[PDB]
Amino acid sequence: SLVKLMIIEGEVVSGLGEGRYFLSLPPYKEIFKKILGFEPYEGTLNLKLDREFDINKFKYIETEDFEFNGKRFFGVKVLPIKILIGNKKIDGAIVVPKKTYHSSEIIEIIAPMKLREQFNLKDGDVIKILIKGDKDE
């Protein structure tokens, strides 16, 4: 058999607090836990890559639309990854809205810990993510 791996460097960047909002919603929390087998920290780590990232080149899991506290929320595409910081690894996932006007060089990742606090990460620090497999594996 064979295994394909891709390791991508990403530069830590900041959003405007969107992910701490969305990741506070129980339907997203609960579905991420079911898919990924961990309870995500409430937030997303934004990473700036040097090429656009297209989740459709991989075997992602898609979640469903839902309504919560009266507002409509849309499903997301989720791709399990490993996060590599120095010699440590952390289970995580790339999360992308299910509909986007184009693929971005900015990705958002979820993990079971606050990565900035655990690893003292500041904007500009570079870390790596590892993806196993692709859409044809």
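Note that residue numbering begins at 1 and tracks the sequence as displayed. For the two forms, the rigid core is made up of the largest set of C-alpha atoms that agree within 1.5 Å on superposition.
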{"query": "Higher-deviation segment by CA RMS in 4 other deposited structures of this protein, core fitted, 100 to 108 or 26 to 34", "finding": "100 to 108"}
{"query": "Core-aligned Cα RMS comparison in 4 other deposited structures of this protein - stretch that moves more, 122 to 130 or 10 to 18", "finding": "10 to 18"}
{"query": "Which of 112 to 120 and 5 to 13 has higher mean CA B factor, as the PDB entry lists it", "finding": "112 to 120"}
{"query": "Greater mean Cα temperature factor according to the PDB record, 76 to 84 or 93 to 101", "finding": "93 to 101"}
{"query": "Deposited CA B-factor, highest of 35, 45, 106, 55", "finding": "35"}
